[PDB]
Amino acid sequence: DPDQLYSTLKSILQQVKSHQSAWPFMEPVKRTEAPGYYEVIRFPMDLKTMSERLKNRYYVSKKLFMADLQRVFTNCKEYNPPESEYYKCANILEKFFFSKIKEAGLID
């Protein structure tokens, strides 16, 4: 059961990371790219951090994994204009994400 979740989550995270719209979210947002970001966004999240958390056995439920990935998207949509490339990527990758969640049969 626990390594069952672990495997599923690792597979899903890896596919999200490989996706072509994942590039904005691969590492923590850099100050040099976004100077006042950490002044606007209280709970930053990215896919590198999510990989470490996964390896650190933090994702003991569906809901913890979903909340971190959802945070990636909602940060991006709070910070960035609606027609920005960053916003478009967020919605594209979110659709991909949900398709892989259904495909896995992942429930709480």
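Position 1 is the first residue in the sequence shown; the rest follow in order. The term rigid core refers to the most C-alpha atoms you can superpose between the two forms while keeping them within 1.5 Å.
Undergrad: Overlaying the structures in 7 other deposited structures of this protein on the rigid core, point out which of 33-41 and 58-66 has the bigger RMS C-alpha shift.
TA: Farther on average in 7 other deposited structures of this protein: 33-41.
Undergrad: Taking only the CA atoms, which stretch has the higher mean B-factor in the record, 71-79 or 51-59?
TA: The stretch with the larger average C-alpha B-factor is 51-59.
Undergrad: Looking only at CA atoms, which has the higher mean B factor in the entry: 18-26 or 94-102?
TA: Mean B over CA atoms: larger for 94-102.
Undergrad: C-alpha B factor of residue 33, ranked within the chain: lowest, middle or highest third?
TA: Answer is middle: the recorded C-alpha B-factor places it there.
Undergrad: Among the modelled residues of this chain, does the Cα B factor of residue 40 put it in the lowest, middle or highest third?
TA: It falls in the top third of the chain.
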